[PDB]
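Asker: Just passing along the structure, written as structure tokens.
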Amino acid sequence: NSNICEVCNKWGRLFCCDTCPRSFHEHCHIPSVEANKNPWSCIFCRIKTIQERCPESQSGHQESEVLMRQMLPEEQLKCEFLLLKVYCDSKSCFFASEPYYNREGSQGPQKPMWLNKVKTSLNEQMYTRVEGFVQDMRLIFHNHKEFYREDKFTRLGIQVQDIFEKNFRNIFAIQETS
Ligand SMILES: [Zn+2]
Ligand SMILES: [Zn+2]
Ligand SMILES: [Zn+2]
């Protein structure tokens with residue numbers, strides 16, 4: 001196994017996957033690394049199994065159909081994995097914890113949103129459709145763009161949104177377009 005967390009790239013108290021060489025901090029894995037379970041298989045491994053069980057699941061999909069899917073166990077897992085892929089980028093730090101807004105010439109968003117809030121909402125099974133999760137995720141970046149206006153810090157929201165969107169298209173096998 002690797003000697004650093006796959007998500008935050010630091011050493012520490014690491015749980016090792018039994019079916020691949022990745023390792024994780026307890027609360028860096030999503031869901032949090034399960035108490036017992038020997039062998040244990042990471043989310044990466046669980047996602048790859050879904051694909052292997054149903055090879056046709058990789059054929060292209062329309063975004064509108066994916067959003068309307070109910071949050072059954074496989075879709076729950078795919079959203080957890082997508083959330084984890086965003087935490088994998090170090091720029092996710094800016095979006096992880098609860099924000100506050102006090103900048104001359106700007107007003108805070110009407111509905112603040114942040115990664116740890118989405119993480120708790122997934123854990124608490126608060127989303128009934130993929131659309132709920134995706135809407136909260138895109139709201140994080142949209143709030144940031146609107147609040148920061150012409151400050152160059154706006155770019156951090158474009159960057160992390162791009163990570164989200166690329167992973168969304170990969171995980172949910174969105175039909176490729178120009
Ligand atoms: Zn970690
Ligand atoms: Zn694994
Ligand atoms: Zn099948």
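Residues in the structure tokens are numbered from 1 in each chain, the chains being A, B, ... in the order shown, and ligands are numbered from 1 in the order shown.
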Write as a PyMOL selection string the residues around ligand 3, taking 7 Å as the cut-off and counting only C-alpha atoms and all ligand atoms.
Answerer: chain A and resi 53-56
Asker: Running DSSP on the backbone, which parts of chain A land in strand (DSSP E), as a ChimeraX atom specification?
Answerer: /A:14-16,23-25
Asker: Go ahead and save the residues from that selection, with C-alpha atoms, as a short mmCIF file (atom, residue, chain, number, x, y, z; two decimals), in the first residue's frame.
Answerer:
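Once everything was written out, this is result_27.cif:
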data_model
loop_
_atom_site.label_atom_id
_atom_site.label_comp_id
_atom_site.auth_asym_id
_atom_site.auth_seq_id
_atom_site.Cartn_x
_atom_site.Cartn_y
_atom_site.Cartn_z
CA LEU A 14 -3.87 5.32 7.39
CA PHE A 15 -6.34 2.52 6.54
CA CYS A 16 -5.19 0.44 3.63
CA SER A 23 -4.56 4.30 1.58
CA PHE A 24 -6.80 6.76 3.55
CA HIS A 25 -7.28 8.78 6.57
#
Asker: Hey, which of A:82, A:77, A:174, A:4 ends up closest to residue 123 (chain A)? Count only C-alpha atoms.
Answerer: A:77
Asker: For residue 131 (chain A), please output as a list in words all residues within 12 Å (counting only C-alpha atoms; exclusion window: fewer than 3 positions along the same chain).
Answerer: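 So the residues in contact are residues 63, 64, 65, 66, 67, 68, 69, 70, 71, 75, 76, 79, 126, 127, 128, 134, 135, 136, 137, 138, 139 and 168 of chain A.
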Asker: Quick one: residues within 9 Å of ligand 1, with only C-alpha atoms and all ligand atoms, as a list in words?
Answerer: residues 4, 5, 6, 7, 8, 9, 10, 11, 12, 13, 14, 23, 24, 25, 26, 27, 28, 29 and 88 of chain A
Asker: With N, CA, C and O atoms retained, could you export that selection as a PDB file, in the first residue's frame?
Answerer:
ATOM      1  N   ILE A   4       0.995   7.438   1.906  1.00  0.00           N
ATOM      2  CA  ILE A   4       0.263   8.687   2.118  1.00  0.00           C
ATOM      3  C   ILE A   4      -1.220   8.483   1.779  1.00  0.00           C
ATOM      4  O   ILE A   4      -1.514   7.612   1.002  1.00  0.00           O
ATOM      5  N   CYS A   5      -2.070   9.206   2.476  1.00  0.00           N
ATOM      6  CA  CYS A   5      -3.538   9.373   2.085  1.00  0.00           C
ATOM      7  C   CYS A   5      -3.726   9.783   0.625  1.00  0.00           C
ATOM      8  O   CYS A   5      -3.170  10.704   0.120  1.00  0.00           O
ATOM      9  N   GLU A   6      -4.628   9.058  -0.052  1.00  0.00           N
ATOM     10  CA  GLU A   6      -4.890   9.279  -1.433  1.00  0.00           C
ATOM     11  C   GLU A   6      -5.557  10.678  -1.650  1.00  0.00           C
ATOM     12  O   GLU A   6      -5.326  11.199  -2.683  1.00  0.00           O
ATOM     13  N   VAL A   7      -6.315  11.103  -0.685  1.00  0.00           N
ATOM     14  CA  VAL A   7      -7.107  12.349  -0.763  1.00  0.00           C
ATOM     15  C   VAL A   7      -6.218  13.591  -0.476  1.00  0.00           C
ATOM     16  O   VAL A   7      -6.122  14.494  -1.308  1.00  0.00           O
ATOM     17  N   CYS A   8      -5.593  13.642   0.712  1.00  0.00           N
ATOM     18  CA  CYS A   8      -4.918  14.902   1.199  1.00  0.00           C
ATOM     19  C   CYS A   8      -3.378  14.763   1.052  1.00  0.00           C
ATOM     20  O   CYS A   8      -2.682  15.734   1.265  1.00  0.00           O
ATOM     21  N   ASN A   9      -2.886  13.612   0.657  1.00  0.00           N
ATOM     22  CA  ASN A   9      -1.473  13.391   0.358  1.00  0.00           C
ATOM     23  C   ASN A   9      -0.543  13.528   1.544  1.00  0.00           C
ATOM     24  O   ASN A   9       0.676  13.821   1.293  1.00  0.00           O
ATOM     25  N   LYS A  10      -1.050  13.376   2.759  1.00  0.00           N
ATOM     26  CA  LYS A  10      -0.250  13.405   3.990  1.00  0.00           C
ATOM     27  C   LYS A  10      -0.191  11.978   4.574  1.00  0.00           C
ATOM     28  O   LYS A  10      -1.059  11.092   4.337  1.00  0.00           O
ATOM     29  N   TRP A  11       0.834  11.747   5.400  1.00  0.00           N
ATOM     30  CA  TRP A  11       0.927  10.550   6.184  1.00  0.00           C
ATOM     31  C   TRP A  11       0.074  10.736   7.397  1.00  0.00           C
ATOM     32  O   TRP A  11      -0.665  11.783   7.599  1.00  0.00           O
ATOM     33  N   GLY A  12      -0.006   9.649   8.177  1.00  0.00           N
ATOM     34  CA  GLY A  12      -0.663   9.679   9.448  1.00  0.00           C
ATOM     35  C   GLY A  12      -1.228   8.282   9.797  1.00  0.00           C
ATOM     36  O   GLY A  12      -0.662   7.261   9.358  1.00  0.00           O
ATOM     37  N   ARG A  13      -2.312   8.257  10.510  1.00  0.00           N
ATOM     38  CA  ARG A  13      -3.123   7.031  10.769  1.00  0.00           C
ATOM     39  C   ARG A  13      -3.925   6.644   9.506  1.00  0.00           C
ATOM     40  O   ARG A  13      -4.887   7.343   9.126  1.00  0.00           O
ATOM     41  N   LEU A  14      -3.394   5.700   8.754  1.00  0.00           N
ATOM     42  CA  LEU A  14      -3.866   5.322   7.395  1.00  0.00           C
ATOM     43  C   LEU A  14      -4.511   3.925   7.472  1.00  0.00           C
ATOM     44  O   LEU A  14      -3.998   3.022   8.144  1.00  0.00           O
ATOM     45  N   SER A  23      -4.293   4.145   0.166  1.00  0.00           N
ATOM     46  CA  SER A  23      -4.556   4.295   1.580  1.00  0.00           C
ATOM     47  C   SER A  23      -5.309   5.581   1.944  1.00  0.00           C
ATOM     48  O   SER A  23      -5.146   6.526   1.182  1.00  0.00           O
ATOM     49  N   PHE A  24      -5.914   5.668   3.114  1.00  0.00           N
ATOM     50  CA  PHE A  24      -6.802   6.756   3.555  1.00  0.00           C
ATOM     51  C   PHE A  24      -6.803   7.112   4.978  1.00  0.00           C
ATOM     52  O   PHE A  24      -6.915   6.237   5.888  1.00  0.00           O
ATOM     53  N   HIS A  25      -6.813   8.415   5.297  1.00  0.00           N
ATOM     54  CA  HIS A  25      -7.277   8.780   6.573  1.00  0.00           C
ATOM     55  C   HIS A  25      -8.695   8.352   6.737  1.00  0.00           C
ATOM     56  O   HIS A  25      -9.460   8.353   5.765  1.00  0.00           O
ATOM     57  N   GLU A  26      -9.075   8.042   7.976  1.00  0.00           N
ATOM     58  CA  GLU A  26     -10.456   7.670   8.297  1.00  0.00           C
ATOM     59  C   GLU A  26     -11.512   8.589   7.681  1.00  0.00           C
ATOM     60  O   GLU A  26     -12.363   8.039   6.965  1.00  0.00           O
ATOM     61  N   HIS A  27     -11.446   9.896   7.944  1.00  0.00           N
ATOM     62  CA  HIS A  27     -12.443  10.877   7.497  1.00  0.00           C
ATOM     63  C   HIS A  27     -12.105  11.539   6.151  1.00  0.00           C
ATOM     64  O   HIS A  27     -12.846  12.405   5.696  1.00  0.00           O
ATOM     65  N   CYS A  28     -11.048  11.126   5.552  1.00  0.00           N
ATOM     66  CA  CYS A  28     -10.746  11.508   4.148  1.00  0.00           C
ATOM     67  C   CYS A  28     -11.485  10.590   3.173  1.00  0.00           C
ATOM     68  O   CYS A  28     -12.068  11.058   2.157  1.00  0.00           O
ATOM     69  N   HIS A  29     -11.530   9.300   3.425  1.00  0.00           N
ATOM     70  CA  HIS A  29     -12.414   8.411   2.686  1.00  0.00           C
ATOM     71  C   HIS A  29     -13.825   8.851   2.903  1.00  0.00           C
ATOM     72  O   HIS A  29     -14.271   9.384   3.892  1.00  0.00           O
ATOM     73  N   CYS A  88      -9.954  15.597  -3.318  1.00  0.00           N
ATOM     74  CA  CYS A  88      -8.620  15.183  -3.774  1.00  0.00           C
ATOM     75  C   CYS A  88      -7.804  16.389  -4.275  1.00  0.00           C
ATOM     76  O   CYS A  88      -6.569  16.288  -4.268  1.00  0.00           O
TER      77      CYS A  88
END
Asker: Throw together the list of residues within 6 Å of ligand 2, counting only C-alpha atoms and all ligand atoms, and drop it here as a ChimeraX atom specification.
Answerer: /A:17,19-20,22,41-42,44-45
Asker: Go ahead and dump the residues you just picked, C-alpha atoms, as a PDB file, in the first residue's frame.
Answerer:
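Result written to selection_13.pdb:
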ATOM      1  CA  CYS A  17      -7.388  -0.921   0.854  1.00  0.00           C
ATOM      2  CA  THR A  19      -7.907  -4.758  -3.222  1.00  0.00           C
ATOM      3  CA  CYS A  20      -5.748  -1.916  -4.341  1.00  0.00           C
ATOM      4  CA  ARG A  22      -4.409   3.097  -1.977  1.00  0.00           C
ATOM      5  CA  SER A  41     -12.311  -2.328  -0.271  1.00  0.00           C
ATOM      6  CA  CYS A  42     -11.994   1.524  -0.893  1.00  0.00           C
ATOM      7  CA  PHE A  44     -12.261   3.428  -5.948  1.00  0.00           C
ATOM      8  CA  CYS A  45     -12.453  -0.339  -5.870  1.00  0.00           C
TER       9      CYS A  45
END
Asker: As a PyMOL selection string, please: every residue in region 45-153 of chain A that a backbone DSSP assignment puts in alpha helix (DSSP H).
Answerer: chain A and resi 45-53+63-68+73-87+93-96+115-123+130-148
Asker: Go through region 22-91 of chain A residue by residue and, counting only C-alpha atoms, keep those with an atom at most 8 Å from region 146-163 of chain A; for each kept residue give the shortest atom pair and its distance in Å to one decimal, ordered by chain and increasing number, as a tab-separated table.
Answerer:
residue	atom	partner	partner_atom	distance
A:85	CA	A:163	CA	7.9
A:86	CA	A:163	CA	6.4
A:89	CA	A:160	CA	7.7
A:91	CA	A:160	CA	6.7
Asker: Pick out the closest residue to residue 130 (chain A) from this set: A:52, A:74, A:34, A:18. Count only C-alpha atoms.
Answerer: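 Among the listed residues, A:74 lies closest to residue 130 (chain A).
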Asker: Nearest to residue 106 (chain A) among A:175, A:81, A:144, A:92, with distances taken over only C-alpha atoms: which residue is it?
Answerer: A:144
Asker: If you count only C-alpha atoms, which residues fall within 12 Å of residue 59 (chain A), apart from same-chain ones fewer than 5 positions away, as a ChimeraX atom specification?
Answerer: /A:51,54,169-176
Asker: Would you save the residues from that selection as a CSV table (one decimal), in the first residue's frame, using N, CA and C atoms?
Answerer:
chain,number,residue,atom,x,y,z
A,51,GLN,N,-18.8,-1.0,-12.5
A,51,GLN,CA,-18.5,-0.9,-13.9
A,51,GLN,C,-18.3,-2.3,-14.5
A,54,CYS,N,-21.5,-4.4,-14.8
A,54,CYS,CA,-22.3,-3.9,-15.9
A,54,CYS,C,-21.6,-3.0,-16.9
A,169,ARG,N,-18.7,14.0,-15.4
A,169,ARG,CA,-18.9,13.3,-16.8
A,169,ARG,C,-18.3,12.0,-16.8
A,170,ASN,N,-17.1,11.8,-16.1
A,170,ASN,CA,-16.5,10.4,-16.1
A,170,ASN,C,-17.3,9.4,-15.3
A,171,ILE,N,-17.6,9.8,-14.0
A,171,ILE,CA,-18.3,8.8,-13.1
A,171,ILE,C,-19.7,8.4,-13.6
A,172,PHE,N,-20.4,9.4,-14.2
A,172,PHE,CA,-21.8,9.1,-14.6
A,172,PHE,C,-21.8,8.8,-16.1
A,173,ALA,N,-20.7,8.7,-16.7
A,173,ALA,CA,-20.6,8.2,-18.2
A,173,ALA,C,-21.5,9.1,-19.0
A,174,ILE,N,-21.3,10.4,-18.9
A,174,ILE,CA,-22.0,11.4,-19.7
A,174,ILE,C,-21.5,11.3,-21.1
A,175,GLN,N,-22.5,11.3,-22.1
A,175,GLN,CA,-22.1,11.2,-23.5
A,175,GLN,C,-21.2,12.3,-23.9
A,176,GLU,N,-20.1,12.0,-24.5
A,176,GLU,CA,-19.1,13.0,-25.0
A,176,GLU,C,-19.7,13.9,-26.1
Asker: Would you mind reading off the distance between CA of residue 31 (chain A) and CA of residue 110 (chain A), one decimal, in Å?
Answerer: 29.0 Å
Asker: Provide the CA of residue 97 (chain A) to CA of residue 114 (chain A) distance in Å, to one decimal place.
Answerer: 5.9 Å
